[PDB]
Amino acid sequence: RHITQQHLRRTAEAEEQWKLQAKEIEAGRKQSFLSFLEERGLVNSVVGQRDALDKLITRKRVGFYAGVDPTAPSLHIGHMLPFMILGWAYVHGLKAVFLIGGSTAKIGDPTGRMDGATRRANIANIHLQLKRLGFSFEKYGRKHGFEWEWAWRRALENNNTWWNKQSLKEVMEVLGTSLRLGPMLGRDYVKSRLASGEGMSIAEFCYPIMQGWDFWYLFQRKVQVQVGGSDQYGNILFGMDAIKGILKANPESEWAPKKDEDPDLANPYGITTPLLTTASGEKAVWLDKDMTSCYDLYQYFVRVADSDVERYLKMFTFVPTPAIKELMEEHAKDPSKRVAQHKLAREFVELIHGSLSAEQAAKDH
């Protein structure tokens, strides 16, 4: 009854806070969120106009989301950089949505290229890991630290929440009529797999459509930025162009920027993170304690190159940048003792497995 009143008031107050903060940033006194992500090295590139996205985040309490296909029994450190971004986003009052690809995983992302019983277990375990990684980001966040507010928004979703019932009709009418075949047949892996004679299924060919429709679904629900690994660039761009195509064809839409509104504030954007390598190829260190014990995880992060510990510290921890600047000189004193590698490992193992587990692994090694 009157709860809509309280909630609406709170919303207004949040908007005020964001407008003041926006005056701070845009006048120069405070650093924008995108600039910060860059100084942490979590931004491999922006899908869309970079300054337009900085403008969006500064002017608007928007939402971010990253998706993982449960094609692994557990997460590994490779997935963490998008989530790091989400983490940051969350503790900065922006909405963070962790998405599990329940339906998309049954097809498999054909970039850059299984049984159900296994896949269901994978879904369950990763769902647990992200459910606890949320609260973990809250704890770890309020320690460095960020004051938890009522405006903070966190969400864990599984896309088959809507693919269990999403009509093919609606997808074809709303989105299918906007997408053009030629451009899609221009995609890299489509050219590759058609040239090789290996080919594809129609299901595989329609994967980026399904992912774009996840993006659209979350777009109607205040999520405007999609975050992913570098490899996902193509899928993210495709998403944006998809949503735009919808708006450009339903200009009367509840989400289309009707003049005189700034289009940069209504459009979708993307962020791609760097790619981690084991001095050779991509990434395998799990986050399931039963596959990678806390001692083994810690052990992995201890043995990080002296050349890399800076970027790694900026990307995999919440420690302030100045504390890193000083810690790196204090490390330069005697690099023999892994001064930085140890802070890194302890920080991350805490972020993943808890503070007690982290200090246990630390005292051990």
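Just count from 1 along the sequence shown to find any residue number.
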query	finding
Between residue 283 and residue 284 - deposited residues without coordinates, as a size class	4 to 9
Unmodelled deposited residues flanked by residue 113 on one side and residue 114 on the other	4 to 9
Higher-scoring stretch by recorded Cα B factor average, 290-298 or 86-94	290-298
Stretch with the greater mean C-alpha B-factor as recorded in the entry, comparing 267-275 against 139-147	139-147
Top Cα B factor in the deposited entry, candidates 37, 56, 327, 66	327
Third of the chain, ranked by Cα B-factor, where residue 199 sits	highest
For residue 312, the third of its chain into which the C-alpha B factor falls	highest
Relative C-alpha B-factor of residue 118, binned into the chain's lowest, middle or highest third	highest
For residue 260, the third of its chain into which the C-alpha B factor falls	highest
Assigned third (lowest, middle, highest) for the C-alpha B factor of residue 305	highest
